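With the entry's author numbering applied, the sequence shown corresponds to residues 0, 48 to 62, 2 to 47, in that order. For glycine and all other residues, C-beta sits at the position ideal for the given N, C-alpha and C.
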Amino acid sequence: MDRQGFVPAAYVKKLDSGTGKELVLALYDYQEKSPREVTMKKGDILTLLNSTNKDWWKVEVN
(Lines of atoms letter the chains of each structure in order from A and count residues from 1; the text may use other names and numbers.)
(Lines give C-alpha, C1' and ligand atoms only; values in the text may rest on other atoms or scores of the structure.)
Protein backbone atom coordinates (compact mmCIF):
# COMPACT_ATOMS: atom_id res chain seq x y z
CA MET A 1 0.00 0.00 0.00
CA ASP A 2 1.98 2.88 1.46
CA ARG A 3 5.33 3.07 -0.46
CA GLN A 4 8.55 5.13 0.09
CA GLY A 5 11.21 6.19 -2.35
CA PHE A 6 12.61 8.93 -4.45
CA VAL A 7 10.97 11.30 -6.87
CA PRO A 8 12.53 14.14 -8.88
CA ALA A 9 12.66 17.25 -6.73
CA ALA A 10 11.46 19.43 -9.63
CA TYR A 11 8.18 17.53 -9.74
CA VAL A 12 7.02 18.39 -6.20
CA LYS A 13 6.49 21.68 -4.34
CA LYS A 14 7.23 22.08 -0.62
CA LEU A 15 4.31 23.16 1.45
CA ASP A 16 5.08 25.45 4.39
CA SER A 17 6.05 23.65 7.55
CA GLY A 18 3.31 23.13 10.13
CA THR A 19 2.25 20.54 12.64
CA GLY A 20 3.89 17.09 12.17
CA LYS A 21 5.85 16.04 9.19
CA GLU A 22 6.94 18.01 6.15
CA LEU A 23 4.59 17.84 3.10
CA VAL A 24 4.92 18.36 -0.62
CA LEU A 25 2.41 18.78 -3.46
CA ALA A 26 2.87 16.50 -6.50
CA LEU A 27 2.91 18.79 -9.52
CA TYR A 28 2.76 16.01 -12.18
CA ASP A 29 1.96 12.35 -12.57
CA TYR A 30 5.18 10.41 -12.23
CA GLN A 31 5.48 6.65 -12.66
CA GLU A 32 8.55 5.21 -10.99
CA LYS A 33 11.35 4.49 -13.53
CA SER A 34 13.64 2.46 -11.21
CA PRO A 35 13.12 0.48 -7.99
CA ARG A 36 14.51 3.22 -5.77
CA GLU A 37 11.69 5.56 -6.89
CA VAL A 38 7.92 5.66 -6.17
CA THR A 39 4.88 6.59 -8.19
CA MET A 40 2.79 9.70 -7.54
CA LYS A 41 -0.29 11.29 -9.10
CA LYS A 42 -0.68 14.99 -9.87
CA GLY A 43 -2.31 16.70 -6.87
CA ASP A 44 -1.20 14.15 -4.28
CA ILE A 45 -0.14 15.50 -0.90
CA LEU A 46 2.96 13.54 0.03
CA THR A 47 4.89 13.19 3.27
CA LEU A 48 8.38 14.48 2.62
CA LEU A 49 11.02 12.24 4.27
CA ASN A 50 14.30 13.63 2.96
CA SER A 51 15.09 16.69 0.83
CA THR A 52 18.86 16.82 1.37
CA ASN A 53 19.68 16.00 -2.26
CA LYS A 54 18.97 18.65 -4.92
CA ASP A 55 17.78 16.15 -7.55
CA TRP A 56 15.99 13.37 -5.66
CA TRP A 57 13.66 13.76 -2.68
CA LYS A 58 12.45 10.82 -0.60
CA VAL A 59 8.65 10.78 -0.11
CA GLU A 60 5.99 8.46 1.25
CA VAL A 61 3.01 7.64 -1.05
CA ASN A 62 -0.12 6.37 0.70
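{"Item": "If you drop the 5 nearest sequence neighbours on each side, which residues of the same chain put their C-beta closer than 7 Å to that of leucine 12?", "Value": "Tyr57, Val58, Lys59, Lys27"}
{"Item": "Could you tell me which residues DSSP pairs with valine 53 in its beta bridges?", "Value": "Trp42"}
{"Item": "Would you kindly work out how many angstroms separate the C-alpha atoms of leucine 34 and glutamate 45, rounded to a whole number?", "Value": "7 Å"}
{"Item": "Nearest to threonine 4 by alpha carbon, out of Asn47, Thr32, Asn38?", "Value": "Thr32"}
{"Item": "Cutting at 6 Å between CB atoms, please list the residues of its own chain near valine 23, excluding the five before and the five after it.", "Value": "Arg49, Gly51, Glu17, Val46"}
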